[PDB]
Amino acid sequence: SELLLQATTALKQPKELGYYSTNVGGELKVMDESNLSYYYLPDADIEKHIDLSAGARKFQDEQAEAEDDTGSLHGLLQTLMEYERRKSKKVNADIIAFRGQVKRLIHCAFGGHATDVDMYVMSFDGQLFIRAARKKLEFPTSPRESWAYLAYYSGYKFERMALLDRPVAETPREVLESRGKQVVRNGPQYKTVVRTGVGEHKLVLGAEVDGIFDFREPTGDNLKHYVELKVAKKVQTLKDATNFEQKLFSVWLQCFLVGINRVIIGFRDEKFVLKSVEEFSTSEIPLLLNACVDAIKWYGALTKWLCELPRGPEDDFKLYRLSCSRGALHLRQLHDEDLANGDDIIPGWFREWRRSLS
């Protein structure tokens, strides 16, 4: 099947189903907020001219050095199982995926690289499970003082300088006075798991969350308290403005998909010094920027298209490659027994869980 990249539709309010904390090296803690950080970046720290390139040489990159399947649904599925177990009921949804993959599908109609839409779709138990085909991320391999390396590292340094492991009230003075000494890491992650929808279809999406902005509600839905952080170059030219608009569009997509309302941008100069930080509401972004309106209509279209795939009992473990080329998304059914029978897309333990649940 194909769907051409060129229909009015409404969004459902996303609801948080659960969350989990992970790291490379096999750490997975389901329904556990250990790795959830808290925003804290006083103006007095910013006024001292934070160098976002500081520490690039001494950085120990956990993600880059791990051999791990970055597309795996295993953490998401373990969290979903725990949610379903507590409820005694299969989640009501059509598609289960990571937010980043759905973002890629949306973005490929609006400037994204067609070449790297590469996903597996598997039907199981009335639902579609979608994962990135590739198992390894691309990390910059240029020297650490290269622009490409600093662009990558600066994101993590900004997070370490703007975030705390716990609320400010629970943080010792020693840490608050010496933010630049704290070790920069990209291993620990915290993800939310959200039920969302567009048009008449529903999705469960996993999504990385950078932190809590204001406070957390221990017994509530925290989507409204989450914040995503991004580093952008301060705008001083046409070229900078265009790059920033594209970054704004991208972070808007990331937040809107899972009901996050808060974005913080760290503006850097050409020397990677943080110049200022600005809060944006997710809703502010389309106003500032019809790409956003059309992206939601495209989201609706592509989701309705995927949901045409057969999802009855006889379709269990059928597998399709999802791609983008010649101005269209494409679905091609595969016949790969090991890949379909192995644990790479839907692991045996989750199959067993859903069977028992039936």
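Just count from 1 along the sequence shown to find any residue number.
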- [ ] Count, per the entry, the deposited residues between residue 6 and residue 7 that are not modelled, and return the matching class: none, 1 to 3, 4 to 9, or 10 or more.
- [x] 1 to 3
Open item on the list: So residue 289 and residue 290 are neighbours in the shown sequence, but is anything from the deposited sequence left out between them? Give the count as none, 1 to 3, 4 to 9, or 10 or more.
Closed with: 4 to 9
Task: Of 105 to 113 and 186 to 194, the stretch whose C-alpha atoms average the higher B-factor in the entry - done: 105 to 113
TODO: Averaging only over Cα atoms, indicate whether 229 to 237 or 208 to 216 has the higher B-factor in the PDB entry.
DONE: 229 to 237
- [ ] Quick one: which of 29, 326, 58, 304 shows the highest Cα temperature factor in the PDB entry?
- [x] 326
Open item on the list: Sorting 278, 221, 159, 174 by Cα temperature factor from the record, which one lands on top?
Closed with: 174
Task: Where the record places residue 315 (Cα B-factor, split into thirds across the chain) - done: highest
- [ ] Using the B-factors in the PDB entry, rank residue 342's C-alpha atom against the chain and give the third, lowest, middle or highest.
- [x] highest
- [ ] Sort the modelled residues of this chain by their C-alpha B factor and say whether residue 348 lands in the lowest, middle or highest third.
- [x] highest
TODO: Tell me, lowest, middle or highest third: where does the Cα B factor of residue 179 rank within its chain?
DONE: middle
Task: residue 247, C-alpha B-factor rank within chain (lowest, middle or highest third) - done: middle
